[PDB]
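Computation of the quantities below employed the complete heavy-atom set of this structure, encompassing side-chain atoms and omitting hydrogens, waters and symmetry-equivalent molecules. We name chains A, B, ... by the order of the sequence lines, and we start the count at 1 in each one.
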2 protein chains.
Amino acid sequence: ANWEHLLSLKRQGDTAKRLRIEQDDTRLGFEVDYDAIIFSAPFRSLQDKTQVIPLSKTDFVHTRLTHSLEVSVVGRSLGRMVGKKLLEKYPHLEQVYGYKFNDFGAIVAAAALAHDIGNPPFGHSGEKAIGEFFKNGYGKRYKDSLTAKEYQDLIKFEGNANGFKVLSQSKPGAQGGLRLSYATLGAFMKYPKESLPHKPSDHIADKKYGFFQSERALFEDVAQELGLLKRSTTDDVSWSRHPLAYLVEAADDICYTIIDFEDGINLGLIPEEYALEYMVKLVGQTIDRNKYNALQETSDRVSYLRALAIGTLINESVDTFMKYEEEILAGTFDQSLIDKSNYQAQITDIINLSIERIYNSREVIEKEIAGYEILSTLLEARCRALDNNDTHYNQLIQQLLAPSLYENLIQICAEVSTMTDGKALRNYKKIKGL
Amino acid sequence: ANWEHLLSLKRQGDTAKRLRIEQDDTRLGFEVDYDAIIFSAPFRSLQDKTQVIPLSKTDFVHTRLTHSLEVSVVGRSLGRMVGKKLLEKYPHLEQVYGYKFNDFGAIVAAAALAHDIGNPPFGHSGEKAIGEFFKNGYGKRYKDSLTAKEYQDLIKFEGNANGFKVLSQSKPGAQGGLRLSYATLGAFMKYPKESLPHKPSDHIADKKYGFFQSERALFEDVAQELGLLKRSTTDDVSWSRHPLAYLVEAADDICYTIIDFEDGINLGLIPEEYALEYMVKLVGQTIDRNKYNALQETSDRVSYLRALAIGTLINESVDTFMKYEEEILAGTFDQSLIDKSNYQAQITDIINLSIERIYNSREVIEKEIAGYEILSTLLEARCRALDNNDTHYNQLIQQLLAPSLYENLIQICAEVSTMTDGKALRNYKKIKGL
Ligand SMILES: [Mn+2]
Ligand SMILES: [Mn+2]
């Protein structure tokens, strides 16, 4: 595998190569990617989407937008530091080809900013509501008119794969979606495989899949340009992760681990009495305890803890990446960067506490139950309208929600998934009379 | 004026100088500033604050957070391009001192990200609600126990000055607030003067003021370190704007001009029939009309128009800055970058259309009226509780809203101003029984 190819500036449709040495550094393709996401309608919709806790007006809770912002800031810092060490290890990359360390921060920052852009509302219940609808619900009907992989895309519908669709969807007047650089699309793709075969190993890259059948041709072009290593020689295609995808994943791991905990303390789902017990190993050498004791607000004490722990995990993740860089470059690294952490046990303890106190709180459970009905209802109305587009009621459903059979079902799923929490509830409420 | 001093890396409390040449480029002080704002509680609260249109669940409206994100992306691009041209004009800045063009993008990006962080809820009615409360309302009482400037801070309370307070406020365990680099604080300060004298000229830098009496000592340290030019030799202090403040302002001007228009079309406050008539001069040479005509959604047509016009105004603003760079460096530039635009008349037409159709819409008027009562109510309850902290009711008001006389009144104003739209309405509602 070669870093020169992995850092591709190609955009979908390019008829001629884009050499890094010929880029205007004030218009660097990788940094244009970041700005294109900031201004995109899919990214704006993250402002009104729950990350974990249902939104309120009585308290601040992280939305998908604020979470994605934080992951891109952590990812930019990981890419910057890993970039400098990579340029020191492969100095031809800078001296010949012209890559700079901020290039790597820009790729990770942009892929991180977009990493959750395709996720359905109401969390992973959203994903399973969609999947079960086609497994056993009304969607079962279509099984026999679909290939095994087309159907697998639906019964195991994945927000990561919908994110890739969102980023590249071609519509009239706008071919290629956001047209992000192939390097950013590679750093985005943490599961570079189709929906089948299902979990062919215990590798984290095989836990899910990363693109739908409708996007397969695009990711084939991406993987070829990047020179990603094959992980399958059958007609079920699969590739080793772009190395920078490991940094997007780590930024994400770091943020939801530490920041879910922070939110849980500020919302009162986790007793503040637990904050230091769970963070002491992550912060013990850098914490200024006198400063911590002088802070008079809970939210200030816990944000100080969060900033210390995130700093700790960033430095360690940079070191883990470089110690396993050749294994990662050869596609033989079998785990995540955080799985190798010396704080693995503490991370696991924090995550389990959050699962117990936040994910299993009444409000999060209530939301996931409500989500299952809201999304199943919307999917039933979309699909009935698709099957009999002639009735008056179905023409209304089309006007309200959406003004090849697989291409239609995958598009219905993508459109339901990119609904904000509010719009989905309002449409649900009107379909049901309220 | 010297660019070497204007690019200061000093943080409040520094006992030793910070040379740019000795910075770790993966931990550049200016880029740390950006990340410190992203993670700060004041910036997070912008997620739940209206920019112009009241928030809804039926439609996407820009919050203060999304607006600030967009301004920092436009500002980063302005600073990058202006930086490269400045480094080409003063090559000693890079070859001797070590400044890079991305330094300038980082300063403008961070000051832009924070530029609205202190603004009170419900818009400029929020500011005038606060001002009138002390001019003629309950706050009149204190006039005689306050200096003319201390009082002027209250009756002309300014969100820009509250933003500076927010960014630097010292509390137990956290001296200096976010401790941003003095260069970022200089780019943030577009009105580098105290509340008095009031509008001593028609210069845009004298239209308001930029720091409260409680922050005067800090900005004196900032202006000295930066080497800003004096604009007053009386005991009323005042300085010429940091040159990069002109780029923060332009990024802001560009975004609320074009993006308010975009939001007004998508919300149906402005007829879509007007979109091309008002944008044609801004986009006429770069628009692909066939592409525009092929787009099937309004929101896509208008986002294409917005991206073309923003691109147009960025390039022009970079050129205006460099053509007036010595006047700006000498503090003799008398206007904003956008005031010099060749599209001045079109910008004015767009702004007036937005005022007529959005700012004077029923919903925005309803919000500003409601805001005046909500904030006046909260200020009355805070100030009565301050005057008689012994009564049971006032002890409750203290527990609900806040668990030297000027220092108390300026702190009450800052605390009311940093309330989200929802928390302010809830507290208002409980004080009034609902
Ligand atoms: Mn995430
Ligand atoms: Mn603004």
I need the [X] [atom1] to [Y] [atom2] distance, nearest 0.5 Å.
{"X": "B:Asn102", "Y": "A:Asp25", "atom1": "CG", "atom2": "CG", "value": "8.0 Å"}
{"X": "B:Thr26", "Y": "A:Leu78", "atom1": "OG1", "atom2": "CG", "value": "11.0 Å"}
{"X": "B:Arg44", "Y": "A:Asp263", "atom1": "CZ", "atom2": "CG", "value": "6.5 Å"}
{"X": "B:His62", "Y": "A:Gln47", "atom1": "NE2", "atom2": "CD", "value": "7.5 Å"}

Can you tell me which portion of A:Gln175 sits under 4.5 Å from chain B's heavy atoms? Options are side chain, backbone, both or neither.
neither
Checking A:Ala41 against chain B: side chain, backbone, both or neither under 4.5 Å from a heavy atom?
neither
Neighbour count >12 (heavy atoms, 6.0 Å) for atom NZ, B:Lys429
no
Counting a contact as any heavy-atom pair under 4.5 Å apart, which residues of residues 310-319 of chain A contact chain B?
A:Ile310
Pull out the residues in residues 63-76 of chain A that come under 4.5 Å of chain B, heavy atom to heavy atom, sorted by number.
A:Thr63, A:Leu65, A:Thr66, A:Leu69, A:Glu70, A:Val73, A:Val74
Of the listed residues (B:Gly173, B:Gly83, B:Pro403, B:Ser40), which shares the most heavy-atom pairs with chain A below a 4.5 Å separation?
B:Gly173
If you tally heavy-atom pairs under 4.5 Å against chain A, which of B:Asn293, B:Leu295, B:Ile259, B:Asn427 wins?
B:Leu295
In terms of heavy-atom pairs under 4.5 Å with chain B, which of A:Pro172, A:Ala174, A:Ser45 leads?
A:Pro172
Which residue pairs pass the salt bridge (charged side-chain N to carboxylate O under 4.0 Å, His left out) test when at least one of the two sits in residues 295-304 of chain A, sequence neighbours left out?
A:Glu272-A:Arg301, A:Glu297-B:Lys171, A:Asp300-B:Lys171
Please collect all ring pair (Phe, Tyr, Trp, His ring centres under 6.0 Å) contacts where either partner lies in residues 288-318 of chain B, sequence neighbours excluded, each pair once.
none
